[PDB]
Number of protein chains: 4
Amino acid sequence: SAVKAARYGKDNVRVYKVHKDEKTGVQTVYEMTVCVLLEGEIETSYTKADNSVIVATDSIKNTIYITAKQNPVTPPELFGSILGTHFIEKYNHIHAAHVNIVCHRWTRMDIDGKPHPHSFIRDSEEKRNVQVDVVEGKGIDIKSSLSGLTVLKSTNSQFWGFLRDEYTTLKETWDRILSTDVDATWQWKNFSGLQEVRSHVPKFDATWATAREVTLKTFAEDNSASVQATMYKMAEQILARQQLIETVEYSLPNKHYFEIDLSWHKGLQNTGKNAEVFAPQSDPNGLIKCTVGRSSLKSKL
Amino acid sequence: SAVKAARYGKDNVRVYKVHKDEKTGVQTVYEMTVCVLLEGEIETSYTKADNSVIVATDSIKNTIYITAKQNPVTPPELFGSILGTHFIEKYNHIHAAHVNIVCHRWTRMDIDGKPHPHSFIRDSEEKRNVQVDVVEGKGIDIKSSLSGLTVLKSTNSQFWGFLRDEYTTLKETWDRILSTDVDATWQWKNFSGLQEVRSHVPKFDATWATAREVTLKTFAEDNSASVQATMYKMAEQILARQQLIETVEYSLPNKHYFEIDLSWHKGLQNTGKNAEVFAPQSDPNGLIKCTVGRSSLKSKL
Amino acid sequence: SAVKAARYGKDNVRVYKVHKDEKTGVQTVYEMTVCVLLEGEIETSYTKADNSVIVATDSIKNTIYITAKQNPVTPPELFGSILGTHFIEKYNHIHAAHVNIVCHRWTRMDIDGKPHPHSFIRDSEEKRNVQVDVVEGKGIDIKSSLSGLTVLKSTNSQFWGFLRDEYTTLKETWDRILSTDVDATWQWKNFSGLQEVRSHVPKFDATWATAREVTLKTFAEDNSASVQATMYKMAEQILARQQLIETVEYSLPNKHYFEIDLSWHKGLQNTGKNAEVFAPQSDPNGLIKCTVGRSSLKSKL
Amino acid sequence: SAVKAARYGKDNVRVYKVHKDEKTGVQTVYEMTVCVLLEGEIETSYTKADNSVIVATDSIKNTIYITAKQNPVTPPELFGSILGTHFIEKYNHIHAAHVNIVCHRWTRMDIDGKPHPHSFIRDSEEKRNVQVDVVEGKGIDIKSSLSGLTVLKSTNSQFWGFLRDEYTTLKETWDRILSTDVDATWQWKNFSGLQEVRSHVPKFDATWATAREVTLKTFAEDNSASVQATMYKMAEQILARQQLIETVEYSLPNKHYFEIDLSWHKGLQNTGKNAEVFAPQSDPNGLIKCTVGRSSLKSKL
Ligand SMILES: CN1C(=O)N[C@@]2(OO)C(=O)NC(=O)N=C12
Ligand SMILES: CN1C(=O)N[C@@]2(OO)C(=O)NC(=O)N=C12
Ligand SMILES: CN1C(=O)N[C@@]2(OO)C(=O)NC(=O)N=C12
Ligand SMILES: CN1C(=O)N[C@@]2(OO)C(=O)NC(=O)N=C12
């Protein structure tokens, strides 16, 4: 046998950081969950009981906290790039660092209509994430995402004109509920190293905000022909607004809300135009995915 | 043997309802999870295989949807009271109905600074709940609550002066993080029946809003001596603001954030005044409870 | 205002203990999650910022580990009684200790047909639990339980003869699937203190084993008229086999498996006698409860 | 813009099937959760609101149940291959089907030492899974796995000789607890189509059993130098026992159990040789991965 692939590290590292402005009194908090997995000349730890090549996962954990103490933790694209760069530079034999960060929401409270200097609310389980792959000799590959953004619209969703054959029972509809949990990812141009990442720092928060704004407005305003059609519109708009993105990926469950025929009980009318009470379905669910990039077709368009 | 207690019914009934204003176009959505458990002269279903006394749980489910079609689902205190009253009135042999409702958030989206007529966001996993116990001959007992309201303050929390003995390692502190998931319950005066519940309908939304406002403002503004002291202040204020409440209960985890001594690494200072990076602890957690009512002591106060 | 009820302590305390037989080499492991909440003369911690009355939850945590080091952790009824007794004896002003223990399975592996001396498998998420309430001047109240015991039978379950009215759609059946997650609790006679608990120690493991055996055999062998009828049979048998139990409680979800009519597709027959493929329903679910004790009726039986 | 990748289908489809031997009375149950995602000439559903190319996810769901009615559901490698083949053959424009199956345990109960004909227990949350990718013109790629197999050994695990630098605090150890949740995957040689899959059917259950046996015996018997070294031994043995496997992947968390120094309390000794009570750590956790294949090095070995 031989090792074809290997990576190892510390997962589920919870990290909080506070910033205190001593002049104003305003405090700002950041909370995340971090995973760092390393690759390199480590195969003998597996094949030969050679622990000399292992940077202990406990040490990786220590390193995450030390790096958070010595550097900004925001934007997460930057923090992940710093962290990943550290491992490949510090250790000659480590040649890739794979850093995943999940950022948790701590939104400043408004009390009596004024932002409070040191109190926060988890206003959504929506996350902001990064995946930062730092590969020695091949720069820094970053995928940014938002996830867990749960939305519903009560009309202006349709689904008709789909293929009908002997496996089909679904009724066409011109007016349904649409609900999903948005997972949207934007993949950056490869960066050559930490300097190039730093050179684009403002773009990270700005692009996250654009992606979220586009998602919400397109969901709310598109009289939707399908999940497929709506999600494509989101992606094409995000690409148009940030040239340093190469692709946008959406992964969207179709969280079905079924009508309930109550006509068996006193002729109650609760379907079609009279549908008011619905049964949310926990499972199963449609799952619709696509990755959108910029076009390069010049003929047969 | 004999049956000392019995109740049965349908749990985990997911319910959506929409309201459509055909004049304005504005739609409003409600989503909940409902449980109804019945008591009564049902013991022979257990002892004698006598199914004649069983209102099938499937029928209970149907009844939940029919009741939602025929009645408002808001405030949940009202809906639960209607639902529970139905079972004890419809079925001579059923003498109590226990209705639990968890209300899920669907907050209207603002798009380009304007409220959207039919698009919504799950802006928090915080819930609004009721427990409505309709007991034939003894009226309607309602407990209302908010739960899953997750908050953090980064300073203005203290914990010193606690008992110290041979089991104690904890350091006193004059400046710590405080974070919790708020579960707050207000218990109403017994209502004689559905008419009395209906007579107080506006008070339900108003008292929920008061409880939430008091919780947030007291958490944010109290320079806290302990979880115990802070939560008591919340409860006493809610009681002062609604005379139809008899008691207020809080159940609060103390979600610990530990300092990380980094002085072993290059003399880094990350404790006390220089603490910036902390380790959120998933477990264990303090758990602090109290039920507060109005005083009746006239001496030794 | 005044404090009507209060309790506080440490929840979610994970504990492992190993026993090593140095003669034989056999090691045995125990893992649990512990909660201890205290009551007593603590109201001024809430009303007056008086922390002097607080045994810190951090100290409660330390105490759990020290007690596990100094005492057996099995049976959990005993460990909980020791732990709870400690708090009311050590602290004059603490008058009740409420100890909840969840015991996790670590079953010894058999390797090549021989029990291994120090390797274990989590063979089920089923738990064995206790609730031990140590109340000064009123002894020790113990409720023992098994939970998370998930079972299914594919036939020999029926449900017919239930009430039928204008809310009823359910078809009677003489042959269905029955599946549940068993939560079964046996409530012991009050014990006067720790000596009386110790005097009955062998009965704890023996009664847990009886309850589990009765549950499984009655589920498997009863041609069930209903969940209600089957669960009552379980309870009556457990009571007959341990006179120091006062009551047995079951709480059983009815985890529905629906037939799927496929006759619309090529006349496929998948209902009634030809039902082979079913749709497990995640929600909603029936929920059936009862508490059974010994009879005291002497007339009208 | 243009669609660079797309797939869509139905996720979280719960499926039960029973087999009834009418001669013997013995019934056998199977339960799974199925996901099917399709690829093909579907881009216009995203770009042009062209629903004609969509096989509705509701129809995919129907198809899963019809296929389970008409075919064996075991081994899951076979069922997934049948299912996936159906979509690419039935629909000219669909060119790949990606079928994921999670198989749930329903182990036959033994009652009074005899296997019961129709009663089952969920004896573990361990799963048996498949990922079957049916790609038109490129055969059938199958990855089989076991997951959720949670184990612990109380000694015969070590971790010393790892890299030590200014980021390292971890103490070397010659005797520790090792616990993990095993996720093990074996990747089959590409199959040309359904006939070739069928030709190897007995190998699927046999290889799953081998992988599980090797995992448990190697975990129990290896005096482990590291997670890395132990997991490599597992993989190399599985490869040696099934030549139709190309690679074996393990993904193993290191679920840490920390010693608790109690020497501050009455000089209690609970570390090193006297360690009995430990604190299981929920997070963070090491995470150790490798993919092992057969060697092709002929020099510098
Ligand atoms: C109702 N429905 C389907 O049955 N398939 C679809 O995804 O779930 C699909 O492909 N797209 C939808 O928008 N709606 C759907
Ligand atoms: C740090 N700490 C404790 O150790 N006990 C306490 O609850 O968790 C307590 O009783 N009250 C607190 O506010 N803080 C605590
Ligand atoms: C199918 N079914 C019901 O509709 N009600 C019941 O509980 O879920 C009930 O009361 N008892 C059952 O055993 N089966 C049921
Ligand atoms: C204690 N410990 C580490 O700190 N790193 C390791 O994974 O978690 C590692 O690389 N391998 C281990 O077996 N044990 C470890």
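The numbers used for chain B are those of Swiss-Prot, and the residues that appear cover 2-302, in sequence.
Header lists the method as X-ray crystallography, 1.3 Å.
Note that Cβ sites are derived from N, Cα and C of the backbone, with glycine treated the same way.
Taken verbatim from Swiss-Prot:
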MOD_RES   B:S2  N-acetylserine
ACT_SITE  B:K11  active site, charge relay system
BINDING   B:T58, B:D59, B:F160, B:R177, B:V228, B:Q229, B:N255  urate binding site
BINDING   B:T58, B:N255  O2 binding site
BINDING   B:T58, B:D59, B:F160, B:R177, B:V228, B:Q229, B:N255  5-hydroxyisourate binding site
ACT_SITE  B:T58  active site, charge relay system
ACT_SITE  B:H257  active site, charge relay system
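Between the candidate recorded positions, B:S2, B:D59, B:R177, B:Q229, the densest Cβ environment within 10 Å is the one around B:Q229. Closest in space to B:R177 (urate binding site), of the recorded positions given as B:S2, B:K11, B:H257, is B:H257, taking the CA atom of each residue.
Taking the binding-site residues B:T58, B:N255 in turn and counting surrounding C-beta atoms within 10 angstroms, the largest count is reached at B:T58. Distance from the CA of B:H257 (active site, charge relay system) to the CA of B:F160 (urate binding site) is 12 Å. Rounded to a whole value, the Cα-Cα separation of B:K11 (active site, charge relay system) and B:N255 (urate binding site) is 34 Å. The two recorded residues, B:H257 (active site, charge relay system) and B:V228 (urate binding site), show a Cα separation of 12 Å. Between the listed active-site residues, namely B:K11, B:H257, the fewest other CB atoms within 10 angstroms of a CB are found at B:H257. Within the set B:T58, B:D59, B:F160, B:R177, B:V228, B:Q229, B:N255 that the record links to 5-hydroxyisourate, no two Cα atoms are more than 52 Å apart, and one pair reaches that distance. A Cβ distance below 6 Å to any atom of ligand 4 is met by none of the recorded positions B:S2, B:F160, B:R177, B:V228, B:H257. A Cα-Cα distance of 29 Å separates B:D59 (urate binding site) from the residue listed as 'N-acetylserine'.
Each residue contributes its Cα atom, and for B:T58 (urate binding site) and the residue listed as 'N-acetylserine' those atoms are 25 Å apart. Less than 8 angstroms from the CB of B:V228 (urate binding site) sit B:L179, B:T181, B:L253, B:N255, B:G287, B:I289, each of them six or more residues away in the same chain.
Under 6 Å, Cβ to nearest atom of ligand 2: this is the test, and of the recorded positions B:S2, B:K11, B:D59, B:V228 it is passed by B:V228. In this structure the C-alpha atoms belonging to B:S2 (N-acetylserine) and B:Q229 (urate binding site) are separated by 45 Å. With a cut-off of 6 Å between Cβ and the nearest atom of ligand 3, the recorded positions B:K11, B:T58, B:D59 reduce to B:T58, B:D59. B:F160 (urate binding site): 22 other CB atoms within 10 A of its CB, across all protein chains.
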